[PDB]
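A.B. asks:
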Amino acid sequence: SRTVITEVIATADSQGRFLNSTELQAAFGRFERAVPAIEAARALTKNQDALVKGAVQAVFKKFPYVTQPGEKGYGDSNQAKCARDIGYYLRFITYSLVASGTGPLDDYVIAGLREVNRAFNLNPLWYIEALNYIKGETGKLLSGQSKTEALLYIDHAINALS
Amino acid sequence: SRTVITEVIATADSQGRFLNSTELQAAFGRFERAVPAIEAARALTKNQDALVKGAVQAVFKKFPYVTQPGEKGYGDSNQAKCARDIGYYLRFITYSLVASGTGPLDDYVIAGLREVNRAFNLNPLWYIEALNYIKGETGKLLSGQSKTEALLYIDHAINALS
Amino acid sequence: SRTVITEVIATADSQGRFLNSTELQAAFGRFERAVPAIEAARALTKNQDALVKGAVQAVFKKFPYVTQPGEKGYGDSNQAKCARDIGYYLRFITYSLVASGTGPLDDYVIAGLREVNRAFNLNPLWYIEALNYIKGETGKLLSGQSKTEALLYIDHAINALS
Amino acid sequence: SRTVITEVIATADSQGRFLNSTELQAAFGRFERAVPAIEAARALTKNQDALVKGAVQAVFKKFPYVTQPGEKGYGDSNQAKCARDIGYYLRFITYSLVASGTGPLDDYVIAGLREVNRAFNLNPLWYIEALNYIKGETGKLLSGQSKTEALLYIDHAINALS
Amino acid sequence: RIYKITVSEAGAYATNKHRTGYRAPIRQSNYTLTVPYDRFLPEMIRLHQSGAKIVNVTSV
Amino acid sequence: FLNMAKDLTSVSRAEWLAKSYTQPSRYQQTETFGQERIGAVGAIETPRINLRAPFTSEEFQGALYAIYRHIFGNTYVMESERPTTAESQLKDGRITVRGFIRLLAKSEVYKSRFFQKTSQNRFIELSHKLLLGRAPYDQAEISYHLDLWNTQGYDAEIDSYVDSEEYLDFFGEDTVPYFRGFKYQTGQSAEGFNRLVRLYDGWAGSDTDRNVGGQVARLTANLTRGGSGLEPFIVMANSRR
Amino acid sequence: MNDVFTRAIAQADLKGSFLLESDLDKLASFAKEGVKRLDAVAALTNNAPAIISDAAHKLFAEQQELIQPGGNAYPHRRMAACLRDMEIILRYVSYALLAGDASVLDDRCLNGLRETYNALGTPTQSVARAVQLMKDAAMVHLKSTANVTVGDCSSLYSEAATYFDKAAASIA
Amino acid sequence: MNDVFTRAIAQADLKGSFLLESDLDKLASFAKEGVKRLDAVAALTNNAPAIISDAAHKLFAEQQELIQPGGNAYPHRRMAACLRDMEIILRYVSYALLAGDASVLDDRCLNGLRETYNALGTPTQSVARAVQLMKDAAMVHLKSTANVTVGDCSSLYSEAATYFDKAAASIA
Amino acid sequence: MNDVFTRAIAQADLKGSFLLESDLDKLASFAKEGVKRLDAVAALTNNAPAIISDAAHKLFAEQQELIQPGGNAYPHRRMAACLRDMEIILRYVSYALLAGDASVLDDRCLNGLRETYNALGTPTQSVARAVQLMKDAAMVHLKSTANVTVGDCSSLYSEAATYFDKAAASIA
Ligand SMILES: CCC1=C(C)/C(=C/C2=NC(=C\c3[nH]c(/C=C4\NC(=O)[C@H](C)[C@H]4CC)c(C)c3CCC(=O)O)/C(CCC(=O)O)=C2C)NC1=O
Ligand SMILES: CCC1=C(C)/C(=C/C2=NC(=C\c3[nH]c(/C=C4\NC(=O)[C@H](C)[C@H]4CC)c(C)c3CCC(=O)O)/C(CCC(=O)O)=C2C)NC1=O
Ligand SMILES: CCC1=C(C)/C(=C/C2=NC(=C\c3[nH]c(/C=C4\NC(=O)[C@H](C)[C@H]4CC)c(C)c3CCC(=O)O)/C(CCC(=O)O)=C2C)NC1=O
Ligand SMILES: CCC1=C(C)/C(=C/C2=NC(=C\c3[nH]c(/C=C4\NC(=O)[C@H](C)[C@H]4CC)c(C)c3CCC(=O)O)/C(CCC(=O)O)=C2C)NC1=O
Ligand SMILES: CCC1=C(C)/C(=C/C2=NC(=C\c3[nH]c(/C=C4\NC(=O)[C@H](C)[C@H]4CC)c(C)c3CCC(=O)O)/C(CCC(=O)O)=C2C)NC1=O
Ligand SMILES: CCC1=C(C)/C(=C/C2=NC(=C\c3[nH]c(/C=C4\NC(=O)[C@H](C)[C@H]4CC)c(C)c3CCC(=O)O)/C(CCC(=O)O)=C2C)NC1=O
Ligand SMILES: CCC1=C(C)/C(=C/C2=NC(=C\c3[nH]c(/C=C4\NC(=O)[C@H](C)[C@H]4CC)c(C)c3CCC(=O)O)/C(CCC(=O)O)=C2C)NC1=O
Ligand SMILES: CCC1=C(C)/C(=C/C2=NC(=C\c3[nH]c(/C=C4\NC(=O)[C@H](C)[C@H]4CC)c(C)c3CCC(=O)O)/C(CCC(=O)O)=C2C)NC1=O
Ligand SMILES: CCC1=C(C)/C(=C/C2=NC(=C\c3[nH]c(/C=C4\NC(=O)[C@H](C)[C@H]4CC)c(C)c3CCC(=O)O)/C(CCC(=O)O)=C2C)NC1=O
Ligand SMILES: CCC1=C(C)/C(=C/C2=NC(=C\c3[nH]c(/C=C4\NC(=O)[C@H](C)[C@H]4CC)c(C)c3CCC(=O)O)/C(CCC(=O)O)=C2C)NC1=O
Ligand SMILES: CCC1=C(C)/C(=C/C2=NC(=C\c3[nH]c(/C=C4\NC(=O)[C@H](C)[C@H]4CC)c(C)c3CCC(=O)O)/C(CCC(=O)O)=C2C)NC1=O
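Residue numbers (the authors' numbering), protein chains in the order written: chain S, 2 to 163; chain R, 2 to 163; chain Q, 2 to 163; chain O, 2 to 163; chain Z, 17 to 76; chain 3, 291 to 531; chain W, 1 to 172; chain Y, 1 to 172; chain X, 1 to 172.
#1: Give, in chain order, every unbroken run of the alpha helix (DSSP H) that is at least 4 residues long and sits entirely within the stretch 50-127 of chain R.
#2: Taking 8 Å as the CB-CB limit, is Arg424 (chain 3) close to chain Z?
#3: Can you tell me which of the three DSSP states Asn48 (chain O) falls into?
#4: Examine chain Y for any beta-carbon lying closer than 8 Å to the beta-carbon of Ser417 (chain 3), and answer yes or no.
#5: Closer than 8 Å is the cut-off here; do at least three beta carbon pairs connect the stretch 294-301 of chain 3 with the stretch 462-475 of chain 3?
#6: Please determine whether the Cβ atom of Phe29 (chain O) lies at a distance below 7 Å from any heavy atom of ligand 7.
#7: Quick one: residues in its chain with C-beta nearer than 8 Å to the C-beta of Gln475 (chain 3), no 5 flanking neighbours on either side, listed in chain order?
#8: Rounding to the nearest angstrom, what Cα-Cα distance links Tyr90 (chain Q) and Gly104 (chain S) in this structure?
#9: Report the neighbours of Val35 (chain X) on chain Q: residues whose CB is nearer than 8 Å to its CB, in chain order.
#10: What residues of chain R sit near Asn147 (chain Y), judged by a beta carbon separation below 8 Å?
#11: With a Cβ-Cβ cutoff of 8 Å, do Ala11 (chain R) and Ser147 (chain R) count as a contact?
#12: Leaving out five residues before and five after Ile155 (chain Q) in sequence, what residues of the same chain have Cβ atoms less than 8 Å from its Cβ?
#13: For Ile21 (chain Z), which three-state DSSP category applies?
#14: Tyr66 (chain Q) versus chain R: which residues are under 7 Å apart at the beta carbon?
#15: Anyone know if the C-beta pair for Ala10 (chain Y) and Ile39 (chain S) falls short of 8 Å?
#16: By the criterion of Cβ-Cβ separation under 9 Å, what are the contact partners of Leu19 (chain X) in chain Y?
#17: Nearest CA to the CA of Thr4 (chain Q): which residue from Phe29 (chain Q), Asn118 (chain Q), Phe19 (chain Q) and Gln16 (chain Q)?
#18: Span of the beta strand (DSSP E) holding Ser75 (chain Z)?
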């Protein structure tokens, strides 16, 4: 996964050279930023259920029509899959927070996203609404830097969806 | 030159993507570590004259035969060139400290070092001894992390020599 | 190894064509130059021990400091390795004389020479002095075309070192 | 072999796409004009004996010098394999007619034609004459679309022989 | 002998690359390619197949 | 049964399905699973080196390292064998990365490692691997390249690879060649993946001519046959037994 | 690549003979039914997204084990590769249906697919099941009469079934 | 490649689970103790020529047959390749030490190394001995207490030893 | 690639020694007879089309099954491949004659040729027969007294025969 340490190692390895001061300072920045990111991930994990339920209902609020019979948001299975997908997004965002890089989101959600959504007729706007929700509440669940890392990762996912 | 910021932006450009958390954290580490590096730069610049003369004396102590006639170090012109080269190394170490990267050393010293030294029959052990003296005297008048940075850059230069 | 015959055959092979008059003429010149070259090789084989001892003593004469304690010429093992290395160079020079091409020297000595002398901190100038001594002595062992063949291979090795 | 169906399928495969409208309508045209082509194939199969004997004699008339002793056409075996080669040419023209593509002519005759003729010293003008006689006959044997279909392949073979 | 070709693209290459998609990172249109005589024939027709346009061919 | 009935009816269907969806699979397969099996994680995830006309010393030296690692098959090239004039021409902008690759593959390094002590089958599969980042897709490629070298020579045969539409569409004058055939390519023959796997020897493998047996071909029978020859019997086995 | 015409020509050349009149009759019959064959191929082409989506839905409902965390179609890129493979195989079945011969499907698509899947760790039984589900979904659009003149095409349906079965049995 | 964090994340994904509190505590400990890891990596990097030279001297002092005519480091080219190998392995051990994970040794440094040596004919026992000697010569520079704040780095020494031993055991 | 000189040198290097006086005498005799060797190589090169043509004519007169439909040289592409192969083998026999060593013949031509022919369905007995017939035609041309100085060249004749025999044995 593309993280600070991993890109450091990969760039040094592609040039066949040891780890120098530049890369060690990048690693130092990662190790220092770990504390805000890890406790932001802690906060996001502790509140996963409320976040996911609020996100699903926010999607149903901004897209009322999907709830009606005959289209995507109708049925117990479809809404369980909505909840599962939003939980997937939250899970990989917390993963990226912990790993200090967009790696987990890049490799698990963003690689192959458009093809899969197109094949299954899934609107990226639903997930954008859910992630804007999660963004809004992660604003008040987090303070200081932790809010900052959480929102960089959430906005990275949103940008990937658009 | 290869700094933290330049490596960040080059990696981001190579994928054709914006600058994100996995790059901003590296830049943050650079900005955190800037203060010891600049302090070490001041310390190395203020003591440059004594450092250079002592390094030349260390070279002539470790390799006495060089001073004998018919050898490289005989003559005032050769010894002036010795002082000039040690000053070059010290100056570019200060540059590398300031830029928080091996870029100044790589671009101005390391690139072409071996061929240039071989052509003019310059022994890299002379410069290794001078840099070892500079490392020893950097053990004084530098404290804590600034000394760590200076020693890392000097060790980069030494590793490139050998 | 790269000889006259081998370069001829490899040229015709990479071109997908039979050997023509030009390559037969190159081969003819090789087969003629063989008589002086084999005579030179036999002369250098007879006097290999004297040449090695003389080259080692010339190395110690031109670099009196190496034999001092704490440097690479001190100890019986180090000087034995000196004699071994001079023997290697002489043996591969006679190989290149027999083969009518620099192939033995390029393959067995020159390929990797710089990395190895750099790793083990061997000065190329020691070997250059030894080869210059051997050049002078073969100036007295040989004459005519044998002399120029041996000298050409010897100072091919010399330019390889420098 | 390269025929219309094969061309359209291979083009669709190289682009990783399904067979679009143009390829299907081209296949439709191939299927429609199979009837004239199969008619020509059956006609030229029925009259293979007269066509082959006439082509052989036409070659002998236009090249009267090939028959005298010491020449390529002298002998019963050379006669027989003249007939055999012209039979091959007619067989592959019928194959191309059936396939509605020059692929059989390309693969079983044209690919390797010059090298083989040069190796065995066979004048392509001989077979140009024989195919020209067959071209003169097919105008008598065939009508409408069938005549043109066979003429295309005979002209293709004559062009290849040039 | 070697000749220098000045290459430009004004829509044909753009249309082709929009159909096919951006497969290696995008680059500026105008550039100069030096070609020996032996490969002078293919490269130019290659530049014609890619829809590229040439403005000057110099013999040096 | 009582626990099953409490899990079935006592609770609403929505969370029941929700948690059933996120249960772990019996396939315990990470995202890198499958790439790790074939040994191609690094060869897939390494950066694509693109070298423009203006560049710095670090970018230039790193691009040189990548070029020598790929184009010479992870084989050691000593300091004496490195082409200085070609590096200078590339540094000035006289030749592109493509022209540098063309010069390198025409060099005695490449020839001595991949041409001179080999059969033409080995040279052809190896040039496909090194210059196109993919394996030969059929026997027609083998016949085409053997004929081309036999009638025109080594340089024409190298120009066939470097002037190919494939090379320009994927590498195109500025990017170092990389291994393309670990991902599905359009037009691929479903065996080119297996053939690139059989050509690839991991990240620490090389295409040296210094192996004990020598430099020998790998894909001759698979290419000429077009497969393993067990597929008809696989179709039989997928019936009754 | 081999279609019915090239296959007949290859046999005739092996014998060393001109095509017999019965062979010409079979080839003329093939050309006559070519328009119906083209209609079948267009039915497979135009309805490809529907077929793939239907077969994917039924496959992932049948064995949810594949889309769960750890499954082989779990992450977006592996699910995308799954859909891509189904697209590829359906494309090759359409090629084989137009040609009238399974040589293209066997040569370009099936010889190495199974050990590709084994190397990757893909479950080959599930891939074969997906191909069977595409068969079932494709026959529906293959028999659709809208915008097409009514007629009998049972031979075409049998041939397409044998191509899908060839694919499934080669993969499994 | 993986670091410790991505390895924990990958092991958590197979469970469909968020990272646990104990896992987050372990990763917080890893990062909080990261400055010592950086010092250790700098120690390996800055003394790499010394490590390789010391190990090479000892290796060719114990095993003279490697540098005899017929030995596998005999000519300059084979010796040069030997030194390249030692430098590469040490570089990758430093990568692994920075990452806190051995995934970069498995995926890159040792991916096909045993097979390389086996095909070349290289005695893998001598290669493992070279790696052991590099471990012995690298522990000294890791344990050097000069120029660094004093502290307990026994875990870093053990981890580096495991990386060196992993390389040695994968060779032989 | 090797010649007699490089082969002797490689053996001496394995022994770790200088070339002995007997070896130097052998190589001196080789270089002395090199002019005759060049005559033999030119005899092979100048008369190559005649050699291949005669071998092909005799081969296809002996084995008519090779040029019939179903034969391994039936169409022009297969016959051209046959003749191309014959020229390639003759050309590597000429290279080996010049070098005085068969290393290039083994490494380039006969490297995996038996397996290539087996996988192609090429009858290797017939390839060996073709190589024998080229050997005969060549032996006629190398023994020609015209345009040379009469002398004893039986060693060259035997060496060329060994090269042809080694080619035919490697193939079959
Ligand atoms: C690890 C990363 C990952 C993601 C993100 C992912 C999303 C995903 N959701 C799916 C199904 C679905 N997802 C939804 C989501 C909708 N439900 C409605 O209530 C909402 C409006 C909306 C969500 C905001 C629906 C309706 C389906 C069923 C689509 C169908 O089968 O027709 C599918 C198809 C496979 C299946 O049927 O289970 C995928 C691939 N899969 C992954 O492996
Ligand atoms: C399937 C495609 C195919 C073609 C077209 C073909 C032509 C062909 N004809 C041949 C023989 C021959 N063919 C001819 C030509 C005829 N003889 C004369 O009566 C006429 C002037 C002349 C016809 C116009 C001759 C003279 C030979 C004998 C050459 C020899 O001595 O080898 C040979 C050499 C092998 C042999 O049969 O001995 C080939 C390859 N072979 C093929 O496999
Ligand atoms: C280093 C980064 C970089 C840039 C920026 C760049 C610009 C660039 N713009 C192009 C085309 C284009 N660029 C534009 C955009 C302009 N026209 C619109 O009206 C707008 C006013 C305006 C954008 C705000 C358009 C419309 C084209 C298509 C022109 C055509 O096809 O005729 C092309 C040619 C694409 C091809 O031939 O396939 C390039 C190379 N190239 C680079 O390598
Ligand atoms: C990309 C499209 C294209 C172009 C632009 C083209 C023209 C063209 N003509 C060329 C040479 C040539 N062209 C000719 C033409 C003849 N000269 C006179 O005798 C005749 C009146 C005339 C016949 C019409 C000649 C003689 C040469 C050789 C020039 C030389 O080598 O000095 C070359 C260089 C061939 C090479 O170096 O490989 C090109 C590119 N051909 C193409 O396919
Ligand atoms: C540079 C060293 C080298 C050689 C010589 C070599 C031989 C070689 N011969 C081949 C084919 C062939 N080779 C032959 C030759 C046979 N035909 C008759 O049966 C004869 C008994 C016999 C020759 C006297 C034929 C007919 C083919 C066509 C393959 C086929 O049957 O489809 C092929 C496959 C590619 C192609 O079809 O052109 C190779 C690689 N490969 C090498 O790397
Ligand atoms: C031209 C003919 C051809 C085909 C068909 C082909 C298939 C093919 N499928 C692949 C991966 C894959 N294929 C699948 C699909 C399977 N796994 C799912 O669970 C389903 C059960 C099932 C689909 C119904 C998956 C999931 C992968 C990714 C496996 C991995 O990356 O580890 C790959 C590896 C390259 C890549 O990932 O892009 C190939 C080459 N290759 C070819 O050259
Ligand atoms: C645009 C590309 C193109 C296509 C697709 C094409 C096919 C095509 N099929 C036709 C008739 C037909 N089409 C079919 C096939 C049908 N039988 C069943 O009802 C099925 C629903 C279906 C196939 C499974 C049949 C049986 C006929 C009548 C028989 C015939 O006309 O030969 C016709 C009308 C011609 C006529 O009967 O006078 C066309 C144009 N032609 C083209 O140029
Ligand atoms: C076949 C080609 C070949 C050559 C040429 C070669 C040279 C060579 N000499 C060496 C030893 C040595 N060689 C010397 C040099 C001599 N000793 C001193 O008495 C003199 C000042 C000096 C005169 C030139 C020294 C000092 C060593 C010891 C290396 C050390 O311990 O660091 C070594 C290090 C490996 C070992 O321990 O033996 C090499 C590689 N090796 C080869 O395989
Ligand atoms: C993943 C990173 C990576 C590694 C690790 C790597 C190892 C590696 N070492 C090689 C050769 C070699 N390696 C050695 C080293 C051995 N000699 C013995 O004396 C020693 C005990 C031992 C080393 C400590 C030697 C001597 C060769 C040359 C073999 C030869 O020339 O025949 C080769 C083949 C390249 C060539 O021979 O030119 C590789 C691939 N390559 C890589 O890209
Ligand atoms: C530019 C690259 C870079 C490096 C190298 C770096 C190292 C570094 N070493 C530090 C102190 C330290 N360094 C060490 C490590 C040493 N202690 C023992 O002597 C061991 C022998 C040895 C490690 C193997 C220890 C234990 C500390 C104490 C700080 C702590 O444990 O929290 C600190 C924190 C200052 C403090 O609070 O004391 C840093 C940031 N930082 C960087 O940005
Ligand atoms: C242009 C390239 C080139 C060639 C071709 C060449 C050949 C060559 N052949 C020579 C004589 C000779 N050539 C031969 C060989 C022939 N006699 C036997 O009858 C055989 C039929 C046949 C060899 C198979 C012999 C025996 C001599 C006499 C020289 C001697 O015996 O030492 C000579 C010495 C001058 C002379 O006596 O006429 C040369 C230079 N030299 C070259 O630079």
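Cβ atoms here follow ideal geometry from the backbone N, Cα and C, with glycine treated the same way.
C.D. replies: Let's see:
#1: Complete alpha helix (DSSP H) runs here, min 4: 77-100 and 114-120.
#2: In the sixth sequence, counting from the first residue as 1, residue 424 (chain 3) sits at position 134. By this cut-off, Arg424 (chain 3) is not an interface position.
#3: Working through the fourth sequence from its first residue, we reach residue 48 (chain O) at position 47. Here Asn48 (chain O) sits in coil by DSSP.
#4: The residue labelled residue 417 (chain 3) in the question sits at position 127 within the sixth sequence. Not closer than 8 Å to any Cβ of chain Y, the Cβ of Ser417 (chain 3) fails to qualify, so no.
#5: Verdict: no, contact absent.
#6: Your numbering for residue 29 (chain O) matches position 28 in the fourth sequence. Yes; taking the cut-off as 7 Å, the Cβ of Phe29 (chain O) has a heavy atom of ligand 7 nearer than that.
#7: The count along the sixth sequence starts at 1 and reaches residue 475 (chain 3) at position 185. Within the same chain, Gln475 (chain 3) has close Cβ partners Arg424 and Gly482.
#8: Start at 1 with the first residue of the third sequence, and residue 90 (chain Q) comes out as number 89. Start at 1 with the first residue of the first sequence, and residue 104 (chain S) comes out as number 103. Cα to Cα, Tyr90 (chain Q) sits roughly 55 Å from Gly104 (chain S).
#9: Within the ninth sequence, numbered from 1, the residue matching residue 35 (chain X) stands at position 35. In chain order: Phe29 and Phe32.
#10: Within the eighth sequence, the letter at position 147 stands for residue 147 (chain Y). Ordered by position in chain R, the residues that pass the 8 Å Cβ test against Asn147 (chain Y) are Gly140, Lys148, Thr149 and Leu152.
#11: Indexing the second sequence from 1 puts residue 11 (chain R) at position 10. Indexing the second sequence from 1 puts residue 147 (chain R) at position 146. No.
#12: As a first step, residue 155 (chain Q) is located in the third sequence; it is residue number 154 there, counting from the start. Excluding residues within five positions, the ones whose Cβ falls inside 8 Å are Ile94, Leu132, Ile135, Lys136 and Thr139.
#13: Your numbering for residue 21 (chain Z) matches position 5 in the fifth sequence. Three-state result, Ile21 (chain Z): strand.
#14: The count along the third sequence starts at 1 and reaches residue 66 (chain Q) at position 65. When 7 Å is used as the limit between beta carbons, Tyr66 (chain Q) is near these residues of chain R: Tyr66, in chain order.
#15: On the eighth sequence, residue 10 (chain Y) is found 10 positions in, with the first residue counted as 1. On the first sequence, residue 39 (chain S) is found 38 positions in, with the first residue counted as 1. At the C-beta level, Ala10 (chain Y) and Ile39 (chain S) stay beyond 8 Å of one another.
#16: Position 19 of the ninth sequence, counting from 1, holds the residue named residue 19 (chain X). In chain order: nothing, as chain Y lies at least about 14 Å away.
#17: The sequence position of residue 4 (chain Q) within the third sequence is 3, counting from 1. Taking only the C-alpha atoms, the option nearest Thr4 (chain Q) is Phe29 (chain Q).
#18: For this step, residue 75 (chain Z) is matched to residue 59 along the fifth sequence. Membership of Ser75 (chain Z) in the beta strand (DSSP E) is indicated by the continuous run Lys69 to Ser75.
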